[PDB]
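**Student:** Sharing a structure with you now.
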Amino acid sequence: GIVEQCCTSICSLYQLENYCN
Amino acid sequence: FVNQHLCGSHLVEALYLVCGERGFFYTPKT
Ligand SMILES: [Zn+2]
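One line per chain: the protein sequences are A and B, in this order.
Under the authors' numbering, the first sequence is numbered contiguously, ending at residue 21.
Under the authors' numbering, the second sequence is numbered contiguously, ending at residue 30.
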């Protein structure tokens with residue numbers, strides 16, 4: 001999920017947009 | 001875009017800004 005991916009490790013802008021509606 | 005670990009409220013504001021009018025879903029349940 002998002003924490004593992006963007007908090008626990010680092011997220012590119014693209015990886016963040018996967019969480020938009 | 002910043003290249004860092006984004007946690008807690010910092011993750012949510014990142015989402016807010018990136019998603020704009022689309023909105024987003026925050027489900028931290030791991
Ligand atoms: Zn802080």
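We treat Cβ as the ideally placed atom computed from N, Cα and C, and that holds for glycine.
Quick one: what's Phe24 (chain B) bridged to in DSSP?
**Tutor:** As a position in the second sequence, residue 24 (chain B) is number 24, starting the count at 1. Answer is A:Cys20.
**Student:** Count the other C-beta atoms from every protein chain shown that fall within 10 angstroms of the C-beta of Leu17 (chain B), then say buried if there are 16 or more, exposed otherwise.
**Tutor:** Counting from 1 along the second sequence, the entry for residue 17 (chain B) is found at position 17. When all chains shown are included, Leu17 (chain B) counts as exposed.
**Student:** With distances taken between CB atoms, is the gap from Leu6 (chain B) to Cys7 (chain A) smaller than 8 Å?
**Tutor:** Residue mapping note: residue 6 (chain B) aligns to position 6 of the second sequence, counting from 1. Residue mapping note: residue 7 (chain A) aligns to position 7 of the first sequence, counting from 1. Cβ distance < 8 Å, so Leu6 (chain B) and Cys7 (chain A) count as in contact.
**Student:** Distance check for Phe25 (chain B) and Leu11 (chain B), CA to CA, integer angstroms please.
**Tutor:** As a working mapping, residue 11 (chain B) is identified with position 11 in the second sequence. As a working mapping, residue 25 (chain B) is identified with position 25 in the second sequence. So the alpha carbons of these two residues sit roughly 12 Å apart.
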